[PDB]
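Undergrad:
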Amino acid sequence: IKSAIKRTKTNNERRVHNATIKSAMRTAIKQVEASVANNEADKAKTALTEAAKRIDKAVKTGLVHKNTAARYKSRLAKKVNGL
Amino acid sequence: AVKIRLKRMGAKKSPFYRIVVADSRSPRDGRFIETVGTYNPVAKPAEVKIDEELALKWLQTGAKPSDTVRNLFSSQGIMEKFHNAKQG
RNA sequence: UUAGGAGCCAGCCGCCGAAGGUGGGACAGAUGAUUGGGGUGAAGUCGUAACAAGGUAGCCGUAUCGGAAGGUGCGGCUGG
RNA sequence: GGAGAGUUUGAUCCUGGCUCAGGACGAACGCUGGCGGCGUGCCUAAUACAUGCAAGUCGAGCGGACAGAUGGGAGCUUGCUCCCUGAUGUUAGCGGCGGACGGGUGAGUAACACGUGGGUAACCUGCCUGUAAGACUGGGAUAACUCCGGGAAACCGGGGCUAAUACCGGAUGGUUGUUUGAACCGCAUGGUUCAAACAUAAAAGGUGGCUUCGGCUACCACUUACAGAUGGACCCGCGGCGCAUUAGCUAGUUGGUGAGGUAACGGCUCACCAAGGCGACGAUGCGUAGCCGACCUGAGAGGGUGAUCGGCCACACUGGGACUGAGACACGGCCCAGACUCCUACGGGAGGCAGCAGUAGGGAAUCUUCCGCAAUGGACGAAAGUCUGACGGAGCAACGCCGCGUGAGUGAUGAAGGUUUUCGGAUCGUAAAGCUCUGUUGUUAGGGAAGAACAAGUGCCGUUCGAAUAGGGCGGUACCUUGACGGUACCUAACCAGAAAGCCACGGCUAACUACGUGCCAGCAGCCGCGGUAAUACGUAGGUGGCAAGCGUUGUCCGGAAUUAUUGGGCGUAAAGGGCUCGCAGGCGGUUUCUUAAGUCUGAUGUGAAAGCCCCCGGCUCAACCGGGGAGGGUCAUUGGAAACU
RNA sequence: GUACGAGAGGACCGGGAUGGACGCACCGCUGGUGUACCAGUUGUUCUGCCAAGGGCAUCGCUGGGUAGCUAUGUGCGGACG
RNA sequence: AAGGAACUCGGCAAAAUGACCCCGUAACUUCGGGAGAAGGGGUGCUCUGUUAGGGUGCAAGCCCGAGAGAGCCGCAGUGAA
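The following block contains the structure:
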């Protein structure tokens with residue numbers, strides 16, 4: 001309205017791109033947790049590195065804000081410790 | 001953001017100024033932390049009075065003033081004493 | 001390496017979810033014919049109940065009757 | 001640093017009411033009104049809003065357009081037309097950061113919102129410094145651009161082209177997590193430090209110079225880490241209301257465990273299990289209202305108010321959600337509904353003034369649709385600069401405070417005139433006239449501040465990097481340059497008594513009185529009360545008195561009101577002892593001694609920001625106002641003392 | 001908006017269009033009934049059982065329903081003389 | 001179908017409501033009630049289940065079936081009376 005139309009034209013374009021980082025981060029965690037219902041540790045090890053690949057790059061991009069991601073790390077990490 | 005700066009006081013026509021360490025987010029008459037002495041523009045002579053020592057402790061923490069405030073410190077050598085500390 | 005997988009989104013789905021609708025209660029205010037007292041005003045009418053031993057010594061509480069102030073009943077009180 | 005006065009009565013003292021003198025207003029109204037500083041100026045409607053402006057910034061992030069002519073060349077009319085990319089200029093879009101601050105309003109909210117003191121081992125912080133490290137190697141897009149398509153518009157869709165400090169992979173990294181060791185310590189969770197292992201986790205270039213054309217260099221930006229600086233979130237004691245004709249209230253309520261979730265602790269969410277929690281020190285409820293430094297008042301204790309200026313929270317037409325971003329659930333952003341306004345070709349859309357002004361409307365009632373970014377400030381940028389209804393000033397209304405006037409000396413004749421009169425006079429009285437007088441201001445013409453410090457560019461010297469005396473960086477000084485107010489303040493000279501006073505009172509409170517009119521009528525009245533024919537109380541006139549550019553009335557709040565009495569009352573009959581008991585809770589304690597330190601006493605430390613009150617100076621022609629310094633303010637916290645009293 | 005009227009008001013006479021009121025007719029269309037039509041579904045029995053059906057439960061109930069008779073549905077009717 | 005008391009002396013008649021579980025309940029009150037007031041909600045099938053749990057028995061097995069999660073179905077889910 002006061003020439004801040006340029007914000008909404010970018011805010012929606014960022015809203016698509018940010019959620020693709022966010023939703024793929026969610027699928028990485030469940031696939032690790034899929035290997036918790038599954039009785040596989042070696043599959044969980046390579047998935048933990050696959051999950052933390054997205055997690056560590058997530059705070060590098062935008063709002064995931066590491067103090068969450070530390071809880072995202074260790075909660076996955078004790079399950080591999082549980083196996 | 002932390003700008004040591006002036007602060008507008010006094011009557012309508014003849015202003016008065018106080019040199020103030022504060023945050024720029026607070027308004028022109030906004031709040032602050034601790035002040036240094038004075039400024040007088042309406043005197044055709046002198047009487048710009050500075051504490052001359054307390055701001056150097058703040059400059060070692062880092063607080064960038066505007067140049068209209070800063071050249072009063074040059075007139076009393078606060079910055080050049082501080083630049084010696086930066087050369088120290 | 002002529003494409004599959006990964007991931008992604010459209011889409012639909014679920015919980016939550018504001019406003020809307022429905023329903024019987026709460027309280028708040030205007031209003032309601034008529035009535036019930038309460039004061040408030042020019043020499044209105046009716047009595048004289050108080051204040052004197054007020055012409056039957058008054059007075060509180062209860063009961064009861066009458067145009068109406070009141071009346072007496074019973075107990076209590078001196079400010080009889 | 002503490003005044004009282006009229007009134008019950010035939011008369012007196014008490015008792016007890018109200019009345020009155022005082023002080024403030026963000027005040028309004030009536031009558032009048034000359035000026036100057038300084039300050040405020042929608043409280044009712046957080047009701048609805050025409051129009052313009054109130055937040056953008058970087059071509060040194062980047063592609064392209066866009067002009068350009070340094071020259072080069074072309075066709076000729078000598079009038080031109082060009083084709084290359086000059087210096088440089090413009091910035092739709094892209095991307096970076098800001099828009100969350102600045103600014104307003106006072107609706108909800110009686111609670112950790114705020115005020116005060118705390119705690120965090122339970123947290124966060126882009127833009128700031130300082131230190132530590134750095135900044136490797138690639139990739140795929142896409143806007144703009146066009147080319148079509150669909151739309152009344154709002155605009156939207158499709159196909160190619162393209163960029164970056166945009167976006168996305170690979171490496172290396174002292175983040176973090178995991179695993180296993182150690183060391184030390186706290187206040188339980190624990191915390192801090194050190195080692196090893198594993199796992200990933202980045203970054204960017206741009207500007208100018210120097211170049212061996214490999215690059216290098218400063219500077220800006222970038223990634224990461226440490227601290228400090230910085231604000232924010234959460235928790236906690238202690239404070240400031242009205243009602244008991246509100247006594248019972250709550251089931252995520254209250255507990256535990258685990259789980260998820262949040263930057264973070266948690267019923268914050270959910271499962272499970274338990275039945276607790278909140279309460280006569282007043283829960284729950286309801287009406288009410290933003291809080292605070294402070295403002296006003298009082299002698300103080302207190303009481304009232306919470307406007308402006310300063311702190312913080314909450315809200316942005318009403319309600320709900322959510323994104324990007326360090327930070328919002330976003331005042332001038334999106335999405336949704338609700339009302340309403342506007343447009344439509346009826347298919348669709350756009351809109352939010354409690355931003356500055358202004359208008360409607362409400363109401364007793366509150367202002368200018370100005371100029372300027374010169375100073376202060378912010379925003380971005382390397383800077384100039386740009387942007388600023390913050391702010392700077394101008395304009396309105398006696399709205400209030402303070403400051404100055406409205407002539408002044410002389411002048412008796414007690415002029416004239418007016419009023420009154422026992423007709424001698426009295427007063428309006430030295431008041432006018434006369435004479436003399438200056439010019440604040442009014443008027444005319446001149447002169448003309450400080451606010452303006454600077455930045456930036458030039459000059460050097462110092463230091464710092466540097467392949468370097470390149471080239472910079474800061475640091476010093478030197479030159480240059482910048483006014484909305486405004487020729488306004490101001491000062492200079494010239495001009496005239498010439499421009500300029502009123503309202504209120506006049507029995508007693510209460511300073512000041514007569515004459516006419518008037519006859520329970522007209523009318524006054526705050527109080528006692530005045531008038532049925534001599535009204536000092538009505539109305540008028542004269543004359544006093546009051547105060548002054550104002551005066552009265554009005555509504556408010558405080559005071560006097562010791563008349564809610566802690567300081568600072570009562571209870572035999574004046575208003576007031578419960579009809580009397582038994583008593584739980586709460587209230588209070590004999591004597592002697594030891595001890596303790598909750599109360600108490602006291603030091604030290606930390607803090608209660610600034611403005612304001614107050615102590616004292618200084619500045620404005622004084623004042624008001626403004627400035628400098630200091631005190632004071634806390635049932636405050638920690639710490640160390642004291643032991644009579646509790 | 002004419003004569004008329006001061007205005008306010010407001011025409012006869014004459015053309016065209018469209019309705020209400022009842023009247024005859026019908027089923028193409030909106031629906032209505034359609035108990036020897038089809039689909040689902042409950043209780044219980046029966047065809048040896050499952051499957052798949054049958055009976056009875058008011059057509060068991062509920063959603064549709066073709067022909068048929070129907071009205072509020074559609075046509076025309078009381079015309080011009 | 002559209003309509004709802006216009007019908008009529010009048011909601012007469014007829015439809016509408018019903019089951020069990022669960023939430024919620026006013027005025028007044030002789031405190032017993034009023035009350036099942038009203039007002040709505042979930043009910044079927046299959047899987048976690050030879051269930052949680054109970055009864056019964058010596059065990060073996062039988063009966064009773066609480067709550068949820070899952071999911072499939074039709075318009076409907078005490079589908080009938």
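Heads up: the protein sequence lines correspond to chains A and B, in order.
Position one of the first sequence corresponds to residue 1 (my numbering), numbered consecutively onward.
Position one of the second sequence corresponds to residue 1 (my numbering), numbered consecutively onward.
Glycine included, every Cβ here is placed at the ideal spot set by N, Cα and C.
Hey, residue 41/A and residue 83/A: beta-carbon distance below 8 Å or not?
TA: Taking the first residue of the first sequence as position 1, residue 41/A is located at position 41. Taking the first residue of the first sequence as position 1, residue 83/A is located at position 83. Their beta carbons are under 8 Å apart, which means residue 41/A touches residue 83/A by this criterion.
Undergrad: Please work out which residues of its chain come closer than 7 Å, Cβ to Cβ, to residue 37/A, disregarding the five sequence neighbours upstream and downstream, and give them in chain order.
TA: Taking the first sequence and counting its residues from 1, one reaches residue 37/A at position 37. So the list is empty, once near-sequence residues are dropped.
Undergrad: Comparing alpha-carbon positions, which option in 50/B, 21/B, 62/B and 61/B lies nearest residue 75/B?
TA: Walking along the second sequence from the start, residue 75/B turns up at place 75. Ranking the options by Cα distance to residue 75/B, first place goes to 50/B.
Undergrad: Put residue 8/A into one of helix, strand or coil per three-state DSSP.
TA: Translated into the one-based positions of the first sequence, residue 8/A becomes position 8. Here residue 8/A sits in helix by DSSP.
Undergrad: Residues in its own chain within less than 6 Å of residue 17/B by CB, not counting five upstream and five downstream?
TA: Within the second sequence, the letter at position 17 stands for residue 17/B. These residues qualify, in order along the chain: 6 and 39.
Undergrad: Examine the Cβ distances between the region 51-58 of chain A and the region 66-73 of chain A and report whether three or more of them are shorter than 8 Å.
TA: Touching, per the Cβ criterion.
Undergrad: Does the distance from the C-beta atom of residue 63/B to that of residue 13/B stay below 8 Å?
TA: Walking along the second sequence from the start, residue 63/B turns up at place 63. Walking along the second sequence from the start, residue 13/B turns up at place 13. Not in contact: residue 63/B and residue 13/B (Cβ atoms no closer than 8 Å).
Undergrad: For a quick check, are the C-beta atoms of residue 44/A and residue 21/A less than 8 Å apart?
TA: Taking the first residue of the first sequence as 1, we reach residue 44/A at position 44. Taking the first residue of the first sequence as 1, we reach residue 21/A at position 21. Their beta carbons are not under 8 Å apart, which means residue 44/A does not touch residue 21/A by this criterion.
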